[PDB]
Every structure is written in structure tokens, then in C-alpha cells.
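Peer 1: For reference, the structure I am asking about is given below.
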Amino acid sequence: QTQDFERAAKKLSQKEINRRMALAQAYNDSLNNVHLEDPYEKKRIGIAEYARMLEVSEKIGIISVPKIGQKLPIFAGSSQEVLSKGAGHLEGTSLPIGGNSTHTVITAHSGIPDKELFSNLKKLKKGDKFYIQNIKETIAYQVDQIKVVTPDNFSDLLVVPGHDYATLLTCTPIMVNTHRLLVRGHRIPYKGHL
């Protein structure tokens, strides 16, 4: 469900990619993490507008996790509608374009029967890799920390100065969902603690 994004991204001119990426950079520089909310709170209380500059074909990117054979569309926000059809981006975290002092968080469900999504995220280990494609390019991350945290602990999702991080976020234990699994990687060239 990702070929449409690729096709549409390739049709943008370089000036338009630059304009959009500028808006995304400006958004990241003004990021306020007050938007941080747990997507998997059962009794949690709209359409996401904050990442429109990165959107083509309704999507802001593609998340590839080769070890578990996933290549999923990324949609803005983390609404139930989004999480039923692919991966979401956690509003309040950096948009997935990389850069110094950025930390983007991409999330998908582990406990929807009959949809793989991030059901097997817990198979990831330090040294494994994942990739995010946005309208400009594909950026790569190498897993360097795996943590299981409570749903009200956002500490490990915040921007770390001087680093370019990405975390893949899901619920755990499978079908129980009392906790959150956070698989963090650091930027590499594209070619509690567990």
C-alpha cells in the first residue's frame, strides 16, 4: 500500500520538494511536545493537518522493517482510522526527515487480529535496521535501545540534543497492552531496558 506514495513523490519538482521540506524543517524547529498523547489508550477521545507539507497520496512516508517483512504507509497522526490501515506518526515528535536534534516516532498496532503491522516488533534487536522514505529520500536507522515503558512515560520519545533518532512504538504485551514497546535507532547511512 505504498507504491502510490512513491509514484506521487517522484512527480514533485525539486523546487516543490524544497519548499515542502523547508516547511517541515521549520515545523520541527518550532516543535512543542505538548501534543504528546498515548495512541493506544482504550478510552481516549480528528483528521491530522499538521504534516500536510509532507503528504502525497494521503501519506507522509513509508516505514520499512526488513527483519519482519514490513513495508507500510505512514499517515499523519495516530488516530484509530490511521492505525487500522498502516503506521502513524506521533504528533509532538519530529517529522520524519532527520537532522540534528530530531527524534521522530512511528507507531503501529501489535494487537489487531489478522493484520501484521507491528505484531512482530519485539523481534528487533540492537544492530537491526529500519528505513523511512519521505517525499525527498530514504533515511536509515540502526537499533540501539529497546525499552518497555508505562503509557504515561514519554521520556524516551523526546528529542535528544545532538542526535538524530527514530523510535518505533507499539503496545505490549500482545493483546494486553498495559505497556509500550519502544525500539530506538540512530541515523546511519542508507545503503525497562530489554
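Ordering of the C-alpha cells sets the chain letters (A, B, ...); residue numbers start at 1 within each chain; ligands are numbered from 1 in the order shown.
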Name all residues at most 6 Å from residue A:165 (count only C-alpha atoms; drop same-chain ones fewer than 6 positions away) and give them as JSON, numbers by chain.
Peer 2: {"A": [103, 185, 186]}
Peer 1: Return as a ChimeraX atom specification the full set of residues in stretch 12-177 of chain A whose backbone-based DSSP assignment is helix (DSSP H, G or I).
Peer 2: /A:14-29,33-35,52-54,66-68,80-83,121-123,155-157
Peer 1: Any chance you could tabulate, as a tab-separated table, the residues of stretch 2-42 of chain A at most 9 Å from stretch 58-70 of chain A with each one's nearest atom pair and distance in Å to one decimal, using only C-alpha atoms, in chain and rising number order?
Peer 2:
residue	atom	partner	partner_atom	distance
A:2	CA	A:62	CA	6.6
A:5	CA	A:59	CA	6.6
A:6	CA	A:61	CA	8.6
Peer 1: Restricting the calculation to only C-alpha atoms: of A:144, A:37, A:55, A:164, which residue gets closest to residue A:184?
Peer 2: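 That would be A:144, the residue with the smallest distance to residue A:184.
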Peer 1: At a cut-off of 10 Å, using only C-alpha atoms, what residues contact stretch 137-143 of chain A? Leave out same-chain residues fewer than 5 positions from it and give the result as a ChimeraX atom specification.
Peer 2: /A:9,61-64,96-98,124-132,164-168,183-191
Peer 1: Would you mind listing what lies within 9 Å of residue A:77 as a list in words, with only C-alpha atoms counted and same-chain residues fewer than 2 positions away left out?
Peer 2: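 The neighbour list is residues 47, 48, 49, 50, 51, 74, 75, 79, 82, 88, 89, 90 and 91 of chain A.
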